[PDB]
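**Student:** Quick one: the structure is below, and I'll ask about it shortly.
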Amino acid sequence: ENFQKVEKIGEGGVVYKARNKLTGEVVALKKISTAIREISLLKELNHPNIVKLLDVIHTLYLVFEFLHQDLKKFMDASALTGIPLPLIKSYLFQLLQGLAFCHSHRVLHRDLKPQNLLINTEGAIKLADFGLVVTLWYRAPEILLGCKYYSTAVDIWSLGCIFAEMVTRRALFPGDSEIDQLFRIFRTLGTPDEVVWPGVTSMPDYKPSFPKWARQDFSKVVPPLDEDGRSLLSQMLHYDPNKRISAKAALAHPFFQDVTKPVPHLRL
Ligand SMILES: O=c1cc(CN2CCOCC2)c2ccc(O)cc2o1
């Protein structure tokens, strides 16, 4: 009750912009036992590219650091011109730092998407809305194929899909059902098989009857991204999650040799 609601930000339960009546601080207020203990360990997961969880109030409200804009809105605003490459690269690099950190602490996001990447005036981008109409566009193929015990690699896939979208100004795999998501992936990357993804034919939802599409060449997928970027993107979208690049290894990729921190032009 220590909080006056200002504005509904979104329905992920519901998220409000709110003011704390004892601190003055403006926050994002998410109104939602084993879980109370999990969630409470997440208040300790602190990094400059993760949105801070300030407080967990069970009387379940989660009180987050407030950021004014998300990458989805910023991409819609940048649509006539495109986000400049040095800013794409800066955002990619920052998200990979955030992920490497989460992943080193065995925390997976599980549901990365432009809507939950938050940006500020200083050029920072932050991971929000961690997962403990549903959009499937960023889901890794092992999740779509019914794997119950998936890994940190699911987040690298999501982020590769976002990287592609920043570059092209179009969603990479805009599926509207699980099967359409999967076939859209297959149409671009090729239907996977045991040669490229050992064990694939044993995933819970794999069907031998899936149609067999041939792989497209990547130069068609994210023009006009340079070879460094396309190389990193291909490694993030590797089918086999054991071969997909880690966040740590991606930070050493040649694509980042000239990374900088530009500031974006934001209308709040
Ligand atoms: O957990 C959250 C989720 C949101 C917004 N969601 C993202 C997904 O879509 C619904 C809207 C959020 C917004 C601003 C903020 O500062 C912190 C935040 O923390």
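Every residue number used here counts from 1 along the chain in the order it is shown.
Using N, Cα and C of the backbone, Cβ positions are placed for all residues, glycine too.
Annotated active site, proton acceptor per Swiss-Prot: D111, in sequence order. Residues or ranges marked as Mg(2+) binding site in Swiss-Prot: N116, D129. Under the heading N6-acetyllysine, Swiss-Prot lists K5, citing a large-scale study or a structure entry as support. The annotation phosphotyrosine is assigned in Swiss-Prot to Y16. Swiss-Prot lists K8, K72, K73, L136 with the feature site 'CDK7 binding', giving experimental evidence as the kind of evidence.
So where do these features actually land, and what's packed around them?
**Tutor:** Long-range Cβ proximity for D111 (active site, proton acceptor), meaning a same-chain Cβ under 8 A and a gap of 6 or more residues, is found for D129, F130, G131, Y138, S158.
The Cβ of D129 (Mg(2+) binding site) has 21 neighbouring Cβ atoms from other residues within 10 Å, across all protein chains displayed.
Taking all protein chains in view, 12 other C-beta atoms sit within 10 angstroms of the C-beta of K5 (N6-acetyllysine).
Packing around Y16 (phosphotyrosine) is summarised by its Cβ count: 18 other Cβ atoms lie within 10 angstroms of its Cβ, all protein chains included. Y16 (phosphotyrosine) falls within a strand when secondary structure is assigned with DSSP.
Within the same chain, residues at least 6 positions away in sequence whose Cβ sits under 8 Å from that of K8 (site 'CDK7 binding') are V14, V15, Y16, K17.
Note on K72 (site 'CDK7 binding'): other Cβ atoms within 10 Å of its Cβ, all shown chains, come to 15.
Taking a C-beta cut-off of under 8 angstroms and a sequence separation of 6 or more, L136 (site 'CDK7 binding') has the following same-chain neighbours: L144, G175, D176, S177, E178, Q181.
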**Student:** With 14 residues not built between them, what is the whole-number Cα-Cα distance in Å for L132 and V133?
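**Tutor:** Logged value, Cα of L132 to Cα of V133: 18 Å.
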**Student:** For the recorded positions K5, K8, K73, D111, which sit with their CB under 6 angstroms from an atom of ligand 1?
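**Tutor:** Correct list: empty, so none.
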**Student:** Find the Cα-to-Cα distance between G12 and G13 in angstrom, rounding to a whole number; note that the 2 residues connecting them are absent from the deposited model.
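**Tutor:** Here the Cα-Cα span across the missing residues works out to 6 Å.
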